[PDB]
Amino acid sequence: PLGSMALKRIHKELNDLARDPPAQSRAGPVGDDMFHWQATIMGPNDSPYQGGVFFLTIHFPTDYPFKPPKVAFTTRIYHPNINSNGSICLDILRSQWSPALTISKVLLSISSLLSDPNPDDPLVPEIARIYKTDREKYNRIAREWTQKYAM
């Protein structure tokens, strides 16, 4: 027995999500391990990901909520802060994590990242450069990848 506090907290967030569903996202375990969740979010409106369905994985550590969950995209996405393995560069998942944060807030932050990328802290520098210098080319590719992979 190692993760009692994590599991109690993970269970509370799960039931909190069920009592008050998020507008733009869903999250919960799809298998038989409470440490491993799947999540889905809508690409935000006024963004090139609008209308896409993006699936994510959530892996809670056994010392959650003191350490952040490991969150990654399974759906392919064209984005300066998300690489081809689905890894996400997001501050609240690295060192701005606080135990007061929840999966609910993480999903909101990921949605905010899709609306407004952080090209000065990129995971894919070449995509960040296109975002910075040719916005419409980035918008075109992001839209095309939303149709190809998230629809």
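Position 1 is the first residue in the sequence shown; the rest follow in order.
Across the two stretches, 40-48 and 84-92, the PDB entry reports the greater mean Cα temperature factor for 40-48. Per the PDB record, residue ranking by Cα B-factor puts residue 14 in the lowest third of the chain.
Looking at the C-alpha B-factors along this chain, the one for residue 65 belongs to the lowest third.
Compared with the other modelled residues of the chain, the Cα B-factor recorded for residue 100 ranks in the middle third.
When the CA B factors of the chain's modelled residues are split into thirds, the value for residue 113 lands in the middle one.
The entry lists a Cα temperature factor for residue 30 that places it in the highest third of the chain's modelled residues.
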